[PDB]
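The structure file protein-v2.csv is reproduced below (CSV, C-alpha atoms and all ligand atoms).
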```csv
chain,number,residue,atom,x,y,z
A,3,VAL,CA,19.8,-36.4,83.0
A,4,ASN,CA,18.5,-33.4,85.0
A,5,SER,CA,15.1,-32.6,86.6
A,6,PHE,CA,13.6,-30.1,84.2
A,7,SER,CA,10.2,-31.3,82.9
A,8,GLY,CA,7.9,-30.5,79.9
A,9,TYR,CA,10.5,-28.3,78.2
A,10,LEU,CA,10.3,-28.1,74.4
A,11,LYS,CA,13.7,-28.6,72.5
A,12,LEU,CA,14.8,-25.7,70.3
A,13,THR,CA,18.5,-26.6,69.7
A,14,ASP,CA,21.2,-28.9,71.0
A,15,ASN,CA,21.4,-26.8,74.2
A,16,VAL,CA,18.4,-24.5,74.4
A,17,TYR,CA,15.0,-25.6,75.8
A,18,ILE,CA,11.8,-23.5,76.4
A,19,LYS,CA,8.6,-23.8,78.5
A,20,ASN,CA,5.5,-21.6,79.0
A,21,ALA,CA,5.9,-20.9,82.8
A,22,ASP,CA,6.6,-18.4,85.6
A,23,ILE,CA,10.3,-18.7,86.4
A,24,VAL,CA,9.6,-18.5,90.1
A,25,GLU,CA,7.2,-21.5,89.9
A,26,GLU,CA,9.8,-23.5,88.0
A,27,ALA,CA,12.6,-22.6,90.5
A,28,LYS,CA,10.4,-23.7,93.5
A,29,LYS,CA,9.7,-27.0,91.9
A,30,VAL,CA,13.2,-27.8,90.4
A,31,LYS,CA,15.5,-26.0,92.8
A,32,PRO,CA,18.2,-25.7,90.1
A,33,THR,CA,21.8,-25.0,90.7
A,34,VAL,CA,21.5,-21.6,88.9
A,35,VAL,CA,18.4,-19.4,88.4
A,36,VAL,CA,19.0,-16.3,86.3
A,37,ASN,CA,17.5,-13.0,87.4
A,38,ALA,CA,16.7,-10.2,85.0
A,39,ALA,CA,18.6,-7.6,87.1
A,40,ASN,CA,19.3,-3.9,86.8
A,41,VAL,CA,22.7,-2.4,87.6
A,42,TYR,CA,21.6,-1.4,91.1
A,43,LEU,CA,20.1,-4.8,91.9
A,44,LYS,CA,16.8,-3.1,92.8
A,45,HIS,CA,14.3,-5.9,92.5
A,46,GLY,CA,11.0,-4.0,92.3
A,47,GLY,CA,9.1,-5.6,89.4
A,48,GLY,CA,9.2,-8.2,86.5
A,49,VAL,CA,11.4,-11.3,87.0
A,50,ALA,CA,13.5,-9.5,89.7
A,51,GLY,CA,10.4,-8.5,91.8
A,52,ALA,CA,8.8,-11.9,91.3
A,53,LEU,CA,11.9,-13.8,92.5
A,54,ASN,CA,12.6,-11.3,95.2
A,55,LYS,CA,9.1,-11.6,96.6
A,56,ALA,CA,9.4,-15.4,96.6
A,57,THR,CA,12.5,-15.0,98.8
A,58,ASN,CA,10.6,-12.9,101.3
A,59,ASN,CA,12.9,-9.9,100.4
A,60,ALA,CA,16.1,-11.8,101.4
A,61,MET,CA,17.3,-11.4,97.8
A,62,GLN,CA,17.0,-7.6,98.1
A,63,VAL,CA,18.8,-7.6,101.5
A,64,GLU,CA,21.7,-9.6,100.2
A,65,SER,CA,21.8,-7.4,97.0
A,66,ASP,CA,21.9,-4.2,99.0
A,67,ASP,CA,25.0,-5.4,100.9
A,68,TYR,CA,26.6,-6.4,97.6
A,69,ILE,CA,26.1,-3.0,96.1
A,70,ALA,CA,27.3,-1.2,99.2
A,71,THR,CA,30.5,-3.1,98.9
A,72,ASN,CA,31.1,-3.3,95.2
A,73,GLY,CA,29.0,-0.6,93.5
A,74,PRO,CA,26.7,-1.1,90.5
A,75,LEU,CA,27.0,-3.8,87.9
A,76,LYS,CA,27.7,-2.9,84.2
A,77,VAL,CA,25.0,-3.2,81.6
A,78,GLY,CA,25.8,-6.6,80.0
A,79,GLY,CA,27.4,-7.8,83.3
A,80,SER,CA,26.5,-10.1,86.1
A,81,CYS,CA,27.2,-11.3,89.6
A,82,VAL,CA,26.6,-14.6,91.4
A,83,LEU,CA,24.7,-14.4,94.7
A,84,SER,CA,22.6,-16.8,96.8
A,85,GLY,CA,19.6,-18.5,95.3
A,86,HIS,CA,17.9,-18.4,98.7
A,87,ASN,CA,14.9,-20.8,98.8
A,88,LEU,CA,14.7,-21.0,95.0
A,89,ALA,CA,18.1,-22.3,93.7
A,90,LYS,CA,21.6,-22.9,95.0
A,91,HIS,CA,22.8,-19.7,93.2
A,92,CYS,CA,21.2,-16.7,91.5
A,93,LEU,CA,23.1,-15.3,88.5
A,94,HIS,CA,22.0,-11.6,88.4
A,95,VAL,CA,22.4,-10.6,84.7
A,96,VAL,CA,21.8,-7.1,83.4
A,97,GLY,CA,20.3,-7.1,79.9
A,98,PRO,CA,20.0,-3.7,78.2
A,99,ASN,CA,16.8,-1.9,79.0
A,100,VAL,CA,15.8,-0.2,75.7
A,101,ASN,CA,13.4,2.0,77.7
A,102,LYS,CA,16.5,3.8,79.1
A,103,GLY,CA,18.5,4.1,75.8
A,104,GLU,CA,20.8,1.1,76.6
A,105,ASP,CA,22.6,-0.4,73.6
A,106,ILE,CA,20.8,-3.5,72.3
A,107,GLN,CA,24.2,-4.8,71.1
A,108,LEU,CA,24.9,-5.4,74.9
A,109,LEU,CA,22.3,-8.2,74.9
A,110,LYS,CA,24.9,-10.6,73.4
A,111,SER,CA,27.4,-9.6,76.2
A,112,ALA,CA,24.6,-10.3,78.8
A,113,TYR,CA,24.0,-13.8,77.5
A,114,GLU,CA,27.7,-14.6,77.5
A,115,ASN,CA,27.5,-14.6,81.3
A,116,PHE,CA,25.5,-17.8,81.0
A,117,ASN,CA,28.5,-19.7,79.5
A,118,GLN,CA,30.2,-19.7,82.9
A,119,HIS,CA,27.5,-22.2,84.2
A,120,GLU,CA,26.9,-25.7,82.9
A,121,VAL,CA,23.1,-25.6,83.4
A,122,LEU,CA,20.7,-22.7,84.1
A,123,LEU,CA,17.0,-22.0,84.5
A,124,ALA,CA,16.6,-18.5,82.9
A,125,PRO,CA,14.1,-16.0,81.6
A,126,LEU,CA,14.3,-14.4,78.1
A,127,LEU,CA,16.7,-11.5,78.6
A,128,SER,CA,15.4,-7.9,77.9
A,129,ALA,CA,11.9,-9.2,77.2
A,130,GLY,CA,8.7,-7.8,78.7
A,131,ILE,CA,9.3,-4.6,80.8
A,132,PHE,CA,12.9,-4.3,79.4
A,133,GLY,CA,11.4,-3.2,76.0
A,134,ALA,CA,13.5,-5.3,73.6
A,135,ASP,CA,12.1,-7.5,70.7
A,136,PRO,CA,11.7,-11.0,72.2
A,137,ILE,CA,12.1,-12.9,68.9
A,138,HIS,CA,15.4,-11.1,68.8
A,139,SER,CA,16.4,-12.0,72.4
A,140,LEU,CA,15.7,-15.7,71.8
A,141,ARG,CA,17.8,-15.6,68.6
A,142,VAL,CA,20.7,-14.0,70.5
A,143,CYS,CA,20.4,-16.6,73.2
A,144,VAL,CA,20.5,-19.5,70.8
A,145,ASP,CA,23.5,-17.9,68.9
A,146,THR,CA,25.5,-17.0,72.1
A,147,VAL,CA,24.8,-19.5,74.9
A,148,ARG,CA,26.7,-22.8,74.6
A,149,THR,CA,25.8,-24.3,78.0
A,150,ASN,CA,22.4,-25.9,78.8
A,151,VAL,CA,19.7,-23.3,79.2
A,152,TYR,CA,16.1,-23.9,80.2
A,153,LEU,CA,13.9,-20.9,79.4
A,154,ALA,CA,10.7,-20.1,81.3
A,155,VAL,CA,8.5,-17.5,79.5
A,156,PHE,CA,5.4,-16.5,81.5
A,157,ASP,CA,3.3,-15.2,78.5
A,158,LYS,CA,1.5,-18.0,76.6
A,159,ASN,CA,1.0,-15.7,73.6
A,160,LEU,CA,4.7,-15.0,73.7
A,161,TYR,CA,5.6,-18.6,74.2
A,162,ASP,CA,3.4,-19.7,71.2
A,163,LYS,CA,4.8,-16.9,69.1
A,164,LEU,CA,8.4,-17.7,70.0
A,165,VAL,CA,8.1,-21.4,69.2
A,166,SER,CA,6.0,-20.9,66.0
A,167,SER,CA,8.5,-18.3,64.6
A,168,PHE,CA,11.7,-20.0,65.6
A,169,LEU,CA,14.2,-20.7,62.8
B,1,LIG,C1,7.6,-11.0,84.8
B,1,LIG,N1,7.8,-12.4,85.2
B,1,LIG,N2,7.6,-12.9,86.4
B,1,LIG,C2,7.9,-14.2,86.4
B,1,LIG,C3,8.3,-14.6,85.1
B,1,LIG,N3,8.8,-15.7,84.5
B,1,LIG,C4,9.2,-15.6,83.2
B,1,LIG,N4,9.1,-14.5,82.5
B,1,LIG,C5,8.7,-13.4,83.0
B,1,LIG,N5,8.7,-12.1,82.3
B,1,LIG,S1,9.6,-11.9,81.0
B,1,LIG,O1,10.9,-12.5,81.0
B,1,LIG,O2,9.8,-10.5,80.7
B,1,LIG,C6,8.7,-12.7,79.6
B,1,LIG,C7,7.5,-11.9,79.3
B,1,LIG,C8,6.3,-11.9,80.0
B,1,LIG,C9,5.2,-11.2,79.7
B,1,LIG,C10,5.2,-10.4,78.5
B,1,LIG,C11,4.0,-9.6,78.2
B,1,LIG,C12,4.3,-8.5,77.1
B,1,LIG,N6,4.5,-7.7,76.4
B,1,LIG,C13,6.4,-10.3,77.8
B,1,LIG,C14,7.5,-11.1,78.1
B,1,LIG,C15,8.3,-13.4,84.4
```

Take the structure in this file and express it as structure tokens.
Amino acid sequence: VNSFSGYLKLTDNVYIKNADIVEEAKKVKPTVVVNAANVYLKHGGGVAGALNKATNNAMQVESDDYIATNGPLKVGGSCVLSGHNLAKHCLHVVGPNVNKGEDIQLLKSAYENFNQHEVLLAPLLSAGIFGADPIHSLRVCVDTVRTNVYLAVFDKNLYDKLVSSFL
């Protein structure tokens, strides 16, 4: 028994809620919140900018030090950094951005990172400003992640469409 509330059950291990991931993080303070990162960990907009703003830019400061030491992530890759005031840890995961020509087949590799964590609060990878088909992202999530994932999807029209079209 964990502290996530009002999530709707999709499968044995995947749950979904119509919510802003930052609001969920601040209320739950989960062990792991997933960021929809890019390879440079430049958190300007979308999930990354919303989370970073909620940390008062501390996420960006930590991320810049990480990149200066380690170089960029891979598309499909991830790193674990602090969750600051939102979570114990933030798992920064790079989904393919279809707006930059990045291979959609890398979405499965991106979701595989979630399997290294028993429970995660996460957004729908490559959705919204990343330009991928969201029904597709949810399908890949369900078929790839085996650990317990709590999805927060800001868009009500997206949330209703995702639930009502789910197979
Ligand atoms: C950006 N942002 N900020 C907080 C937060 N929490 C959960 N989801 C987010 N965005 S999202 O993952 O891309 C899901 C999403 C949101 C909106 C749309 C509209 C279109 N078309 C499509 C898809 C969030």

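Between CA of residue 102 (chain A) and CA of residue 21 (chain A) the separation is 27.1 Å.
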
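The interatomic distance for the pair CA of residue 10 (chain A) and CA of residue 91 (chain A) works out to 24.1 Å.
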
Original post:
Quick one: residues within 10 Å of residue 33 (chain A), only C-alpha atoms counted, chain neighbours fewer than 2 positions away excluded, as a ChimeraX atom specification?
Top reply: /A:27,30-31,35,85,88-92,119-123

**OP:** Would you mind telling me which residue in A:24, A:3, A:41, A:16 lies nearest to residue 143 (chain A) when using only C-alpha atoms?
**Re:** A:16

Original post:
Which protein, DNA or RNA residues have an atom within 9 Å of ligand LIG 1 (chain B), counting only C-alpha atoms and all ligand atoms, as a ChimeraX atom specification?
Top reply: /A:20-26,38,47-53,124-133,136,153-161

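Between CA of residue 5 (chain A) and CA of residue 62 (chain A) the interatomic distance comes to 27.6 Å.
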
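Using all atoms listed in the file for every distance, the candidate list A:140, A:17, A:42, A:84 yields A:140 as the residue closest to residue 163 (chain A).
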
Subject >> Best match for closeness to residue 117 (chain A) among A:139, A:87, A:58, A:150, counting only C-alpha atoms >> reply: A:150

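Minimum distance to residue 15 (chain A) across A:164, A:169, A:144, A:43 (counting all atoms listed in the file) occurs at A:144.
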
Original post:
With distances taken over all atoms listed in the file, which of A:46, A:103, A:8, A:98 is nearest to residue 78 (chain A)?
Top reply: A:98

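For the residues A:28, A:86, A:141, A:76, ranking by smallest atom-to-atom distance to residue 112 (chain A) using all atoms listed in the file places A:76 first.
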